[PDB]
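Below is one structure, written out as structure tokens; the observations come after it.
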Amino acid sequence: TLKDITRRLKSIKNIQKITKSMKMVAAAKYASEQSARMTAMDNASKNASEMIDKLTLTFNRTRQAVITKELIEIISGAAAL
Amino acid sequence: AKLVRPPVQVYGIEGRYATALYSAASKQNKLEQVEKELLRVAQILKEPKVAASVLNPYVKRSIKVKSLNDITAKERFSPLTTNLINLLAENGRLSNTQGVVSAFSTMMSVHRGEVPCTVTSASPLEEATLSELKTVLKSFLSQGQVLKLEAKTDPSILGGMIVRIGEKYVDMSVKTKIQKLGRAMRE
Amino acid sequence: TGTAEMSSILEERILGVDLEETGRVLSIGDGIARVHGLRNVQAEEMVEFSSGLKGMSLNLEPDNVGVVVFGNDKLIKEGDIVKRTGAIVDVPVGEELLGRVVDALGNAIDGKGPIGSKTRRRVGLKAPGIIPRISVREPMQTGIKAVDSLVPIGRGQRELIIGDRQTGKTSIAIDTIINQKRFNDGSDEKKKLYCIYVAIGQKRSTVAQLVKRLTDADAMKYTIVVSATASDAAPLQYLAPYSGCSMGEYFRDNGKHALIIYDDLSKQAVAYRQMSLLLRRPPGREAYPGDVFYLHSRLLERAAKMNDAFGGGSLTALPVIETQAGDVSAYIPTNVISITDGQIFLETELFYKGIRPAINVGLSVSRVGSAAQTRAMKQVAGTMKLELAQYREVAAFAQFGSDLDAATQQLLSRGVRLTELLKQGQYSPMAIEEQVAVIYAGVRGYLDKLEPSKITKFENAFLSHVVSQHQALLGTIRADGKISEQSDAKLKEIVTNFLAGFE
Amino acid sequence: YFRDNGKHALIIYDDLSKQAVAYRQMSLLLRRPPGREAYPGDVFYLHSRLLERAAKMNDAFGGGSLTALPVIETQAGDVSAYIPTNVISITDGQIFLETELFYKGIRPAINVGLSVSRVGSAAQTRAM
Amino acid sequence: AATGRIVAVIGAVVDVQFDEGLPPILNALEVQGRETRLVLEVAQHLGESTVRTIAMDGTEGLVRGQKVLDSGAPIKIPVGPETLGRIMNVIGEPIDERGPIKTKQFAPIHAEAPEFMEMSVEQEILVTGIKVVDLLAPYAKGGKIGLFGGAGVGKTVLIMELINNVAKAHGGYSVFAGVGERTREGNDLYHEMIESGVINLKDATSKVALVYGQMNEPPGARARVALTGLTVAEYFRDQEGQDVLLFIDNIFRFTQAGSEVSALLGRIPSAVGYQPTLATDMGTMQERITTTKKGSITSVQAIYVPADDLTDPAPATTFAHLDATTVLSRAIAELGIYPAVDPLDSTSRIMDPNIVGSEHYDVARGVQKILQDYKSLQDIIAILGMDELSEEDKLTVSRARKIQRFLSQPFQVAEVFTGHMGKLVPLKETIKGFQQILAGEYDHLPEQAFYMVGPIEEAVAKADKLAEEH
Amino acid sequence: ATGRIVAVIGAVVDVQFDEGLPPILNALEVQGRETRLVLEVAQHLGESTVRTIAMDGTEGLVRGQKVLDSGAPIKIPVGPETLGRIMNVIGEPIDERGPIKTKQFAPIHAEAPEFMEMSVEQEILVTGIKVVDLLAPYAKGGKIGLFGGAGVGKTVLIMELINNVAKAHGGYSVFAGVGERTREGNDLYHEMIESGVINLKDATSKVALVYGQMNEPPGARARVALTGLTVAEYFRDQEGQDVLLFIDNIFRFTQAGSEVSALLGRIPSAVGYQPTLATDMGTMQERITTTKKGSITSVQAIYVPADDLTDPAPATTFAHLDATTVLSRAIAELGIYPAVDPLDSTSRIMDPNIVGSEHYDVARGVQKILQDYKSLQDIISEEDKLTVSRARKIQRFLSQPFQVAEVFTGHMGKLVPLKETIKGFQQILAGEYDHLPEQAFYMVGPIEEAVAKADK
Amino acid sequence: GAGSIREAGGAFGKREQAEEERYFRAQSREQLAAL
Ligand SMILES: Nc1ncnc2c1ncn2[C@@H]1O[C@H](COP(=O)(O)OP(=O)(O)OP(=O)(O)O)[C@@H](O)[C@H]1O
Ligand SMILES: Nc1ncnc2c1ncn2[C@@H]1O[C@H](COP(=O)(O)OP(=O)(O)O)[C@@H](O)[C@H]1O
Ligand SMILES: [Mg+2]
Ligand SMILES: [Mg+2]
């Protein structure tokens, strides 16, 4: 569903921004647990960006399908008159 | 303006043009004159010459309109049917001419009180029996009604007679009786 | 089969009236009258029904005319007589319309008498070509700090006010209309801006409240209001933007400058889609007709800046578009974003975060840009725009920024100060000099020591102070249009002494 | 011709995606009901009746063959779309080419975890 | 009058052919030969002397050739004082089994909207006693309100609470129109009104007129019943000058019935399956529900939001026709907070510091700002947890949770659902309570103390008792 | 052949002929109008009726109004007399400078070159721009996607390509404003006048303009690209030149085709595009090719709907694109002009078998060092600092001063040949200038100018 | 997109809600004891 995919995209974009900010904050506080947190938040941001890319592909696919389905409904309604 | 609706209703292009001509002729009480003139037109166009000439879609419309006006004046036709053929020629509904004629003809047939009666029988039915049948079937009609009986033979009804008087219907075949008895035995 | 193959027409032809300038309704339903005859009628020509209702011949077909009705269907029955008027649709124009509330056909709906105009203009004229135009060069002042600084509009531009419902679009339009009073009262004749507000598919109560708001601000004496409200026929809501555009093209053609607000084009596209679907034109995406882009583009290309050989006048357009959940990729938002020269984008989160006007500066754009600004606002707004972009780069690091380096914390601080500076109250547009003074205080660093909760109060108090006791520097900046070095030093002194004395 | 006269032929259809798009144009202009991605209902039959004609014949029919290498272009690597899955349902295996490999210089950018040959194993020589 | 014949019956759409005197569009036609009254409303003139009509009742048993009689006018209902305490259907017949409604005048349910010069610009607050409504999106006397919400969020409960509070606080002939909703709910409302003295079966001092066309009705009846109720309210406003209350539940069904008949009237579908004429139909119906200079009509409309969309064409088209939209969120109802009003989605045209005052406006804006900042802080809570926030962030979150709880209020009509007793909170009490929670005067009290109470004194008392037990 | 209007529904007009039905794609002339109205035949409906699409507004049209058959498709003036002029879709001047006095006219509908007229190996089109010629070279007779819109110097790059192809190759240019904003069309006309590319006083104009405005019906916007392509076809086939053709925008060409197809009642395909999307795009793009006389190279501005590259309009356009030039604002705000993004611009002829091993290796090395430098920026060792230095120098040396910017900036414009670009970047990569400051490469031509600027 | 992690109701929207209730149930017990 288009709204589910948009919800999930928004959620993961927020997670990616938060983990990026946390990575920067750990990079500042590190200047052994701080290094681990910096690398961990870097990895979390990278994984979130990959999920964002896959979900953006899915979202574009689903919105194209929704436009096509609504057009086909309108056409089939007009052809039955 | 107010239009005069015929006793029976036909639909489609043929139905609309037949209703139009019927109202326009009842406006001038010339129903039989235009009826026979339409029969003449229908036999005129059906002969392969005019049929091939007017059913040809690449020859221009106005040329066949002029030829139809020629051939409807040459045969001493009323102004009603003449401008009717002209109208069918401008709208390009010349293909629907036989349909218009048939619709008008059935309209005038029911205007004469002719009811289509069908009497199905298992075997070729007796002639004095069939005349008695005619006499009995005239009893289901109003006044001003005549029976146009065409009895076709279906041998699979096993006997009796299935009669259809317009839309009225009596199933007196014996196969119906045996099927009812079979349904009664099984249920 | 066939619209004109009704039995009455055929039997009348079989039996053996002027079918040139006169017609007869074959069928009527949902505001579409199929008319037999009218063999001399033109495309888009206004016709006349027997009950007095008017129509427009949109579909010229081989055997019938598809006429859209400017009213209710009940007053039209099958067999009614339709006349020609021989003319394409036209409205009255002139200065006689300033201060009036008219409908989509230039008929007064305020009871103040008939519009005594002497000139009429066709609603469907073509826009000026390539040569009659000149580059958009003069500022169209809205009085809103965020618009005038970061999304500047010029005279002749087409700037889209786009956003979801209840975000502040009409308020931006109305502040822009109210602002022009300073210019229309003064004597400088080429800073004067006449306004046209086109209300399309709104409540009559909303337009009454808007006209009251414009009368209280004394903005009605130079405003035309065209209203095709929600209970008006879809043809009227379709035609109202073109009526308003012709009323403004009068000014654009006679050496004057007009501003027009289409509030909004979404409802006009909806009315057009209804008219098209009922005429059985082939539907496209979202059931919209194939030429809805053509509709809005030939409407919006008529806003133009003219060169000096054509009077030098202009027409600025501010179309409004309502998006659904921020979806700017819907069909009509896409078309209108493609047509215009930039868009003022409004957000709901910005609205409820205290940022009003809720102008998203990241998403807003003006393609005319700094050519539509004065040199003073140019000076201060270049710096403001750079600093706000830098702030937006690191705004996500806020709520942790206290643990980041001095450069990030300074970007965050300056950004919060400028963001608090761009807030503004409703129905109170500012002069360009006052905006320049406030932005000067903001970008030169005389607010970094202040608390964010106090920026609004500092701005209000400092503006009152500089308006009371420093009309000289304000008048100098306004007359020269730029901050001279003497004016720069005077501004510096004023702001530093005020901040010294400020609580 | 070669397949039925005892010889061996190889045919490449480059590509069947554009042939399906041409057929969808023809079908929509005939006002036929569109389906998934506005494709007609017989867009599978379009490719199935074609790729069925690639066959290996027994020796009582000449022993010849016709090999088919149809080409299909995906959009952003989506191989679960309508036309890709149709052709995957028709053919005897697929050779996936990935963009992520092709950019990294691995060329031919063949994905070995996803490419398969269902009936080609019996054809490989003994040394290979 | 003119007499025609039925020529086609396809569902709820009936074609009628007339020989003499085609009836105009919108006329009511009577089908002859029926034991109950079947009214056909003319929709289109098809040519060939045929009109296409929509049936106000079921079309079973209709025959081609059945005679139809033209009334010569649109559907005409009884209007007047005698409608008060009665229930009528779309065509004006009494459906409470209490005999004919004997009024002195009838009014057509199709009328023109008031002109532009008839509008009134006065905006005065109508205090409801509901905290979230009074504070964040106050209603106006004589304005159109509108209550948006999906299925099961509380539109009916909220509209019954508003009926209770305002309509008995009122003295001006309310009208309730039940449009395409449940019959059980109509019976429930009828009996609550008989029990609470608002409807008087004997000694007719009733002050509410009821109009009901419910789900089981065909689309024509559900598309015209809103206009029937509107017509009763219009009579009360115009030909008496009275100040009227109009309650419509649910107004989405008007549009839905239109869409249900759209295709059979020969119309190419629009977007989301809606009729092409959705906006103009909604406009011609909604522009009559308005305050003029002749009298006031305060309109409260429940608006169903299909699948909680709010971008669906029907709610999205209704939004511009209102003066104070209250949006009920399912996410807030799942938090246990009732009423489920969305504080960041409800808007009023009188939320203006030059109308309600700077104290009320500042408190409302501060509440909305703290709720938006809470929305933003929930992300960082989700990633980091609540213990790694700054202390001022924790203060924001705590005050925001308290403001959320305190926005909820127990209703008189919800005691069977809540158990708690109802509370009707004045305007200044609301402003004062929220001003104090914003200023930080209760950071010592727990958040649960503010949940499901009235004013802030009830909050401190509840906190005291929870401290006593826990 | 004379016909008469039988139907007017919007921009679609049905015309009935009583003799000599016109073929499809013929232009018809509506009679008795104050401005020229042209109808293009789309279908033969039967009964001697054709359905047409209007090239202008149809208001004021009467059923029965006489319509003349032109006898050919839309014919436009083609020749050196179109250079510096503006014409609309039907070839009439819209700049108010008088008639376009060419000797011959060409129909805007033509079949693509045959199979045996095609060039069998791809050659490079040297533009004199360093970043383009090196990293994402253009092919003769190829299609180039120009990404990036306002604020990245799109018009400056367009005018510089016009100037450089006129100087280096002697080939003229054609600009087709498909769905052009009239304000931006006036702006472009005057920037071309002020940069000398258009000359209103002598015949040294280098570009021809064809404008299909946004307020024109969808037929005009669907045929303006063909009008421009017809002018360019003349310059290629009759004068053996290497012509440049600009199509701004190509998405608007697709959009106008979609609108025209919807107006004709055709069932929309996926996402609402015409069912004939691929064949419309193909019949247009296949005429842009290298023949044996000359070639036509096409720079085409790409707009991507919803940032969706799998959308049918970009996906169909990308099947024809031989290269890509991405103008990035992250490069312009960095100070580099032209603002070409050197890592996102691509080319199909960036292949050793086409451009040579030396060119391929220099380009690959430049791209690898720029990617490495982006990586190293993301973390801000031993030689990584030297990689940072060489990559900053490469970034600066990708810049270039343009001749069309000379009057405004004062700096002289540079048309760097291909060999000088290749060897300059090769030398910077080898380390021959690891001593020179990084700002000795900013806004210079060949590498000799870099060392000459380092001297000062 | 503020509060879009909780609005998407995922494993992260449930984790967030569980945190807010755990932290504020502990605070309410520490605020009622003193109260
Ligand atoms: N700068 C502002 N400051 C405070 N309040 C504002 C401001 N701008 C708008 N508002 C208020 O926000 C509310 C909505 O604004 P407005 O109605 O003008 O925008 P809109 O998008 O046109 O709404 P609609 O969806 O009804 O068309 C109004 O009550 C308005 O008074
Ligand atoms: N104010 C409320 N207090 C408590 N529970 C409520 C309240 N409003 C709604 N509910 C609950 O949600 C259910 C839905 O009630 P209802 O008013 O019929 O919603 P809707 O009409 O929008 O579908 C109610 O039965 C009740 O359980
Ligand atoms: Mg508004
Ligand atoms: Mg309910």
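In the structure tokens, chains take the letters A, B, ... in the order shown, each chain's residues start at 1, and ligands count up from 1 in the order shown.
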
* Test item: residues at most 9 Å from residue 119 of chain B, only C-alpha atoms, excluding those fewer than 4 positions along its chain, as a PyMOL selection string -> chain B and resi 149-153+161-165

Using only C-alpha atoms and all ligand atoms, determine which residues fall within 12 Å of ligand 4, then list them as a compact mmCIF listing (two decimals) with N, CA, C and O atoms, in the first residue's frame.
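File part12.txt, as written:
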```txt
# COMPACT_ATOMS: atom_id res chain seq x y z
N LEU E 147 -17.06 17.85 11.75
CA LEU E 147 -16.27 16.95 12.59
C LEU E 147 -15.77 15.81 11.72
O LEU E 147 -16.55 14.95 11.30
N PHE E 148 -14.47 15.79 11.45
CA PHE E 148 -13.88 14.77 10.61
C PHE E 148 -13.41 13.59 11.44
O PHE E 148 -12.93 13.75 12.56
N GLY E 149 -13.56 12.39 10.88
CA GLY E 149 -13.07 11.21 11.56
C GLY E 149 -13.38 9.92 10.83
O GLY E 149 -14.39 9.81 10.15
N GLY E 150 -12.50 8.94 10.97
CA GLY E 150 -12.74 7.64 10.40
C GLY E 150 -13.85 6.90 11.13
O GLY E 150 -14.69 7.47 11.82
N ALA E 151 -13.82 5.58 10.97
CA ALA E 151 -14.84 4.73 11.57
C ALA E 151 -14.45 4.35 12.99
O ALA E 151 -13.42 3.71 13.21
N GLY E 152 -15.28 4.74 13.95
CA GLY E 152 -15.05 4.36 15.33
C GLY E 152 -14.13 5.25 16.11
O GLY E 152 -13.55 4.80 17.10
N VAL E 153 -13.96 6.51 15.71
CA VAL E 153 -13.11 7.42 16.45
C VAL E 153 -13.88 8.32 17.41
O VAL E 153 -13.29 8.85 18.36
N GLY E 154 -15.18 8.50 17.20
CA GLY E 154 -15.98 9.25 18.15
C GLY E 154 -16.81 10.38 17.59
O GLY E 154 -17.20 11.28 18.34
N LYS E 155 -17.09 10.37 16.29
CA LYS E 155 -17.91 11.43 15.70
C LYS E 155 -19.31 11.44 16.29
O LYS E 155 -19.85 12.50 16.62
N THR E 156 -19.93 10.27 16.42
CA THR E 156 -21.29 10.20 16.93
C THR E 156 -21.35 10.59 18.41
O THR E 156 -22.24 11.33 18.82
N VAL E 157 -20.40 10.09 19.21
CA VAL E 157 -20.37 10.45 20.62
C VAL E 157 -20.15 11.94 20.79
O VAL E 157 -20.80 12.59 21.62
N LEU E 158 -19.24 12.51 20.00
CA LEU E 158 -18.97 13.94 20.10
C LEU E 158 -20.17 14.76 19.67
O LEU E 158 -20.47 15.80 20.27
N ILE E 159 -20.88 14.33 18.63
CA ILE E 159 -22.02 15.10 18.17
C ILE E 159 -23.17 14.98 19.16
O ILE E 159 -23.95 15.92 19.33
N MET E 160 -23.28 13.85 19.87
CA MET E 160 -24.30 13.74 20.90
C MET E 160 -23.95 14.57 22.12
O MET E 160 -24.84 15.16 22.74
N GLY E 178 -30.32 12.87 10.17
CA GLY E 178 -29.57 11.64 10.10
C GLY E 178 -29.43 11.17 8.67
O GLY E 178 -30.40 10.70 8.07
N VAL E 179 -28.23 11.29 8.11
CA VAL E 179 -27.99 11.04 6.69
C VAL E 179 -27.17 9.76 6.58
O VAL E 179 -25.99 9.74 6.94
N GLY E 180 -27.80 8.70 6.09
CA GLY E 180 -27.13 7.46 5.79
C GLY E 180 -26.37 6.82 6.93
O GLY E 180 -25.30 6.25 6.72
N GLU E 181 -26.91 6.89 8.14
CA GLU E 181 -26.25 6.32 9.30
C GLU E 181 -27.11 5.21 9.89
O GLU E 181 -28.12 4.80 9.31
N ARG E 182 -26.69 4.69 11.04
CA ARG E 182 -27.32 3.49 11.59
C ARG E 182 -28.68 3.81 12.19
O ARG E 182 -28.87 4.85 12.82
N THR E 183 -29.64 2.89 12.00
CA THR E 183 -30.98 3.08 12.53
C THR E 183 -31.01 2.88 14.04
O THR E 183 -31.79 3.55 14.73
N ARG E 184 -30.19 1.97 14.56
CA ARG E 184 -30.07 1.82 16.00
C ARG E 184 -29.67 3.14 16.65
O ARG E 184 -30.22 3.51 17.70
N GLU E 185 -28.74 3.87 16.04
CA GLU E 185 -28.33 5.16 16.59
C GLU E 185 -29.46 6.18 16.51
O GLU E 185 -29.59 7.04 17.39
N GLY E 186 -30.28 6.11 15.47
CA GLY E 186 -31.41 7.02 15.38
C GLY E 186 -32.44 6.77 16.46
O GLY E 186 -32.96 7.70 17.07
N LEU E 189 -30.94 8.09 19.73
CA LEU E 189 -31.02 9.55 19.85
C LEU E 189 -32.45 9.99 20.12
O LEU E 189 -32.69 10.87 20.95
N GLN E 214 -31.69 6.60 6.49
CA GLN E 214 -30.61 5.80 7.05
C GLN E 214 -30.01 4.87 6.00
O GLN E 214 -30.31 4.97 4.81
N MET E 215 -29.05 4.06 6.44
CA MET E 215 -28.28 3.21 5.48
C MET E 215 -29.18 2.37 4.58
O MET E 215 -28.86 2.27 3.38
N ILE E 248 -25.84 17.35 11.42
CA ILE E 248 -25.90 16.43 10.29
C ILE E 248 -24.90 15.31 10.52
O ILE E 248 -23.69 15.54 10.55
N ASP E 249 -25.41 14.09 10.68
CA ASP E 249 -24.59 12.90 10.82
C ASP E 249 -25.22 11.83 9.95
O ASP E 249 -26.30 11.33 10.27
N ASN E 250 -24.57 11.46 8.85
CA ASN E 250 -23.24 11.92 8.48
C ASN E 250 -23.29 12.54 7.09
O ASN E 250 -23.96 12.02 6.21
N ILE E 251 -22.57 13.64 6.87
CA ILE E 251 -22.73 14.35 5.60
C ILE E 251 -21.93 13.71 4.47
O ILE E 251 -22.15 14.04 3.31
N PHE E 252 -21.00 12.80 4.78
CA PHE E 252 -20.32 12.08 3.72
C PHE E 252 -21.28 11.23 2.90
O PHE E 252 -21.06 11.00 1.71
N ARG E 253 -22.37 10.77 3.52
CA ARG E 253 -23.30 9.88 2.85
C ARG E 253 -24.03 10.58 1.71
O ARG E 253 -24.47 9.91 0.77
N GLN E 301 -21.58 19.36 11.54
CA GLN E 301 -21.67 18.27 10.59
C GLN E 301 -20.63 17.22 10.93
O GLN E 301 -19.46 17.54 11.11
N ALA E 302 -21.06 15.97 11.02
CA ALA E 302 -20.11 14.87 11.10
C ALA E 302 -19.72 14.45 9.69
O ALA E 302 -20.57 14.35 8.81
N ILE E 303 -18.42 14.25 9.47
CA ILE E 303 -17.89 13.99 8.14
C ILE E 303 -17.05 12.72 8.23
O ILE E 303 -15.99 12.70 8.87
N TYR E 304 -17.52 11.66 7.60
CA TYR E 304 -16.81 10.39 7.62
C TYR E 304 -15.59 10.47 6.70
O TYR E 304 -15.68 10.97 5.58
N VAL E 305 -14.46 9.98 7.18
CA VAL E 305 -13.21 9.98 6.44
C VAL E 305 -12.89 8.53 6.07
O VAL E 305 -12.48 7.75 6.93
```

* To do: Just the residues within 8 Å of segment 64-75 of chain A, please, counting only C-alpha atoms, with nothing from its chain fewer than 3 positions along; format it as JSON, numbers by chain.
  => {"A": [60, 61, 78, 79], "C": [283, 284, 285, 286, 287], "D": [34, 37, 38], "E": [268, 269, 270, 271, 272, 273], "F": [267, 268, 269, 270, 271, 272, 311]}

Would you put the residues from that selection into a file with C-alpha atoms, as a PDB file, in the first residue's frame?
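Just written: selection_29.pdb:
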```
ATOM      1  CA  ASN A  60       8.086   4.718  -7.038  1.00  0.00           C
ATOM      2  CA  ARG A  61       6.977   1.324  -8.334  1.00  0.00           C
ATOM      3  CA  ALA A  78     -16.057   5.475 -19.754  1.00  0.00           C
ATOM      4  CA  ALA A  79     -16.003   2.538 -22.189  1.00  0.00           C
TER       5      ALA A  79
ATOM      6  CA  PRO C 283     -10.409  11.548 -19.549  1.00  0.00           C
ATOM      7  CA  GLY C 284      -6.772  11.247 -18.598  1.00  0.00           C
ATOM      8  CA  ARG C 285      -4.837  10.997 -15.350  1.00  0.00           C
ATOM      9  CA  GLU C 286      -7.165  11.629 -12.386  1.00  0.00           C
ATOM     10  CA  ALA C 287      -9.987  11.935 -14.960  1.00  0.00           C
TER      11      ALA C 287
ATOM     12  CA  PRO D  34      -5.141  -3.223 -20.246  1.00  0.00           C
ATOM     13  CA  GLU D  37       1.297  -2.004 -16.329  1.00  0.00           C
ATOM     14  CA  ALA D  38      -1.358  -1.476 -19.036  1.00  0.00           C
TER      15      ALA D  38
ATOM     16  CA  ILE E 268     -17.961   8.984 -16.869  1.00  0.00           C
ATOM     17  CA  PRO E 269     -16.382   8.301 -13.438  1.00  0.00           C
ATOM     18  CA  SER E 270     -14.049  10.922 -11.888  1.00  0.00           C
ATOM     19  CA  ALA E 271     -11.128  10.251  -9.511  1.00  0.00           C
ATOM     20  CA  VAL E 272     -11.554   7.611  -6.708  1.00  0.00           C
ATOM     21  CA  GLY E 273     -14.887   6.584  -8.314  1.00  0.00           C
TER      22      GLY E 273
ATOM     23  CA  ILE F 267      -6.440   4.795 -24.245  1.00  0.00           C
ATOM     24  CA  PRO F 268      -3.548   5.985 -22.028  1.00  0.00           C
ATOM     25  CA  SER F 269      -0.772   3.448 -21.288  1.00  0.00           C
ATOM     26  CA  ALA F 270       1.111   3.041 -17.986  1.00  0.00           C
ATOM     27  CA  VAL F 271       1.279   6.180 -15.725  1.00  0.00           C
ATOM     28  CA  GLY F 272      -1.006   7.977 -18.234  1.00  0.00           C
ATOM     29  CA  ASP F 311       9.189   6.721 -14.943  1.00  0.00           C
TER      30      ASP F 311
END
```

Could you give me, as a compact mmCIF listing (two decimals) with C-alpha atoms, in the first residue's frame, the residues within 8 Å of segment 264-266 of chain C, counting only C-alpha atoms and dropping anything in the same chain fewer than 4 positions from it?
```txt
# COMPACT_ATOMS: atom_id res chain seq x y z
CA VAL C 198 -10.18 36.01 -7.89
CA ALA C 199 -12.13 33.74 -5.54
CA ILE C 200 -12.79 30.37 -7.17
CA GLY C 201 -15.02 27.82 -5.49
CA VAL C 270 -11.87 20.66 -10.82
CA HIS C 296 -3.61 26.77 -16.86
CA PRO C 319 -1.78 31.46 -8.37
CA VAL C 320 -2.71 29.36 -5.36
CA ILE C 321 -2.62 25.55 -5.37
CA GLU C 322 -3.74 23.26 -2.55
CA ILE C 332 -2.42 19.79 -11.32
```

* To do: Give as a PyMOL selection string the residues surrounding ligand 3 up to a distance of 12 Å, considering only C-alpha atoms and all ligand atoms.
  => (chain C and resi 161-174+197-203+206-207+209-210+261-267+319-322) or (chain E and resi 319-323+349)

* **Sel. of alpha helix (DSSP H) residues, chain G, as a PyMOL selection string** => chain G and resi 4-7+11-34

* Asked: What residues in segment 77-294 of chain C get the DSSP label strand (DSSP E)? Please answer as a ChimeraX atom specification.
  -> /C:81-88,90-93,101-102,119-122,160-163,193-200,223-228,257-263
